[PDB]
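Here the structure comes first, spelled out in structure tokens, and everything after it is commentary.
For ligands, and for the atoms within them, numbers begin at 1 and follow the listed sequence. Chain letters run A, B, ... following the sequence lines, proteins first and then strands; every chain starts at 1.
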There are 2 protein chains.
Amino acid sequence: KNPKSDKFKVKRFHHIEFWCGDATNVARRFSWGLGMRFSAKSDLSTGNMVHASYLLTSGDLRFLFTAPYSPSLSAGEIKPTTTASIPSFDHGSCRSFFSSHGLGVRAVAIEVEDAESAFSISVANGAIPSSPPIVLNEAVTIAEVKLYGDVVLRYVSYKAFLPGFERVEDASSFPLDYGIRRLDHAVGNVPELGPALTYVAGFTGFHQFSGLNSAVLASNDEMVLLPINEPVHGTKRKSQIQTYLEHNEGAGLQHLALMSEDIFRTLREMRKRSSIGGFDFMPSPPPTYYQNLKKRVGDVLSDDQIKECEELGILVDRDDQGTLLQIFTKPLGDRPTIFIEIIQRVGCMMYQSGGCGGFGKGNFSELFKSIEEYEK
Amino acid sequence: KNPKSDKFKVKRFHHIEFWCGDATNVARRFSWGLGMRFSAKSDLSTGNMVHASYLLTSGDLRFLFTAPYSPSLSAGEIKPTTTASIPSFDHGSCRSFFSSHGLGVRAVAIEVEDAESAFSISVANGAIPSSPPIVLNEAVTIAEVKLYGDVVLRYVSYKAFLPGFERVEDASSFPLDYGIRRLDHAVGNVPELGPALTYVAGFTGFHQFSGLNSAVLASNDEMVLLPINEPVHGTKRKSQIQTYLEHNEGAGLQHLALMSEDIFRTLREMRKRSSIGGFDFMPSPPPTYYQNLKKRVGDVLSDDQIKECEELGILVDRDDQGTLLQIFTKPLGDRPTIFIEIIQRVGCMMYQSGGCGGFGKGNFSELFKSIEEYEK
Ligand SMILES: CCCOc1nc2c(C)c(C(=O)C3=C(O)CCCC3=O)ccc2n(C)c1=O
Ligand SMILES: CCCOc1nc2c(C)c(C(=O)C3=C(O)CCCC3=O)ccc2n(C)c1=O
Ligand SMILES: [Co+2]
Ligand SMILES: [Co+2]
């Protein structure tokens, strides 16, 4: 059931912003590893004396990488006179975030009908304010509230990327594309699920859609999906959620799930590049798992299509309404914290409805069971 | 003339260590951009709870990328019980370096006959101690003295990479190679050249080999070359050296010159990758400059060879004894601070003697003059 209880009008995921120590090297790594094009910049060359911000795009997916310059470059500035293109940016908050957590997501940004009203309604409904609504060039409004840990939910609304950003010139934007098209969901880890759910669901009106307890929060059309995990203690293998919290110094964003229009092509392109600057993938399931695939999704995937999943290490799950293919990268940076999921959903055609096929929770049982059989 | 006045026995450049915020993303970018293989690691997987260090190699060139983990992971440790593989590492110094300067070189490491004696003699001769000699696994000795700004000169000596580092497994080490073979020289920028020269020459015994004043310090066989620049003020175009100091928050390493066994192949491979994760190059000189090449180095480079320089944007200079080909990357990171030079030297065969052909100071005049002609 879906009560459609959003307290303000939400459209779609807009962008994800990483807070980095050096935005250049992270953006170039990600661009090559994921096949995203350099689309926009705000930095010294565009008159920004405060922060370096570089935007990568693939389809509707927008990754923003931001790092601070020396505060000395903007010491004369005040907020009314700032050359920063993102008014919420603060040297101290950025350095403190990155020092405490390492490389990771600062902002999950959603496009809303009216960022000012979204901020007002959120805070009136218990959201902790982070950056008040600011109108950029009489064209765009941006506001931020706290989401979990040091991650903010960022609202952007447009009258008609951001003012102050420049479109990068052609020689600098090579048209990489491995098939990734949009952000499917963004998942946080917290020490206690209950209070985090009540806080976020409380100010948004989003409704509810081993080693972990989890629940998914969703907007009215369920195209904005924000799962949250908590650890399950006392268990045999130490909870991966608890390991995240220890190495991240507390709550934060665990994984971004990126939808591909062709997960076979995406994974072929990404795996070709894993050892030459790209991203590594988690270990593949045993051949047991892909033998059992015929019995699970035989009417969905060809024998050749299922063999392709096994070559690429793709996981497949299925619920009442649809089928999802999925795979997970190793952590994106030094710490075992944030990672990426590549996903493609089959079914639920009306457009495809958000969340079609679930989030892969059935693959816990299939993996354990397939692992048991391989040992034989 | 060469007085051969080294106060201790120096062999060769050993490695360059970058202090990063995230060593993973910088190392992967550099590996792809420069064609260096992943050779060794010290991190959580090898029992290092303190820092992540990843070593890239190309020929004899060794690039080390290091970042701190959360101090919380090693809070119980003391220096006698540390799991760090580099005993000079300190969470606070690393965070402070990176926060103040951004991505850059912390250590220029040279291999010496006896790091303990090198440290003792250096400090006895005015060097500012940074990390005392420490013997690793009864096999390697490491010590550090201050060089300029927050950059240290690191001494390593071997009895027979470092203890505590693991050789990376084969699936993780793709054998990239674009022809780079060793570090030719490493250059610092300081506000005042005189006192920096007197300090470094004072404790090493190294001898002396627009917009800047510069001088090169050299070991006995002149295979360790450490130039130092200072700005020239009052001039028309603002000094690039002064711009470095402003954006770097003071003195530090300006550029690493990497010798290639085939600069044509290196530059073809690097330029192919500039816009897909690699490094960008400075703007090429006008076709004027390459027309004048025939009159300058005609007896050295074929017409086809000189046309190849023009396709790749290679600079060529020549002194009494040899010829050098050279080109400069744009800055390696967000700030206009550190960059890389690719170099190949022709001549001075006895082996090739260090510094053959100079450092390209003649190309200032040729560029200005060639620029004047292009405007015509
Ligand atoms: C071992 C089972 C399959 O392998 C894995 N699957 C994972 C999945 C399926 C997710 C995930 O995407 C997800 C949930 O699990 C529910 C909340 C919404 C959501 O996005 C996250 C991490 C996973 N890890 C680490 C695995 O090792
Ligand atoms: C404009 C003239 C050629 O273009 C350039 N040449 C450069 C050279 C030749 C060097 C350099 O390598 C060097 C010296 O100049 C003397 C001290 C030892 C040394 O290593 C450094 C920077 C340069 N930049 C920025 C240029 O734009
Ligand atoms: Co997921
Ligand atoms: Co040079």
Counting only protein N, O or S atoms (no waters) closer than 2.8 Å to the Co ion (ligand 3) gives 3

Heavy-atom distances under 4.0 Å decide this one: backbone, side chain, both or neither, for A:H255 against ligand 1? side chain

Spacing of CD belonging to A:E192 relative to CD1 belonging to A:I228, to within rounding of 0.5 Å: 12.5 Å

Which of the atoms of ligand 1 are close to A:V187, meaning less than 4.0 Å from one of its heavy atoms? 20 (O)

So, does A:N363 use its side chain to make a donor-acceptor pair with the main chain of A:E366 at under 3.5 Å? no

Under 4.0 Å to a heavy atom of A:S214 - the qualifying atoms of ligand 1, by number: 16 (C), 17 (C)

Would you please say whether a donor-acceptor pair under 3.5 Å links the side chains of B:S370 and B:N292? no

Once the angle between the rings of B:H255 and B:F328 is folded into 0 to 90°, is it parallel (under 30°), tilted (30 to 60°) or perpendicular (over 60°)? perpendicular

Is A:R345 reaching over with its side chain to a backbone N or O of A:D184, donor-acceptor style, under 3.5 angstrom? no

Under 6.0 Å between ring centres: does that hold for B:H185 and B:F359? yes

Any A:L315 heavy atom less than 4.0 Å from ligand 1: no

Judging by distance only, is a nitrogen or oxygen of A:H185 under 3.5 angstrom from one on ligand 1? yes

Mind checking whether A:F18 and A:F30 have ring centres under 6.0 Å apart? yes

Out of curiosity, is B:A257 lining ligand 2, as in a heavy atom under 4.0 Å away? no

Heavy-atom donor-acceptor pair, A:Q242 side chain to A:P231 backbone, under 3.5 Å: no

Just going by heavy-atom distances, which of A:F339, A:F368, A:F328, A:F364 is nearest to atom 10 (C) of ligand 1? A:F328

Where on A:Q240 is there a heavy atom closer than 4.0 Å to ligand 1, on the side chain, on the backbone, on both, or on neither? neither

Electrostatic pair B:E246:B:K238 at N-O distance under 4.0 angstrom: yes

Check: B:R12 side chain, B:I110 main-chain N or O, donor-acceptor pair, under 3.5 Å: no

What residues form a side-chain contact (heavy atoms from CB on, under 4.5 Å) with B:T337, not counting sequence neighbours? B:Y244, B:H247, B:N248, B:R335

For A:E341, atoms of ligand 1 separated by under 4.0 Å from a heavy atom: 12 (O)

Whether B:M282 lies under 4.0 Å from ligand 2, heavy atom: no

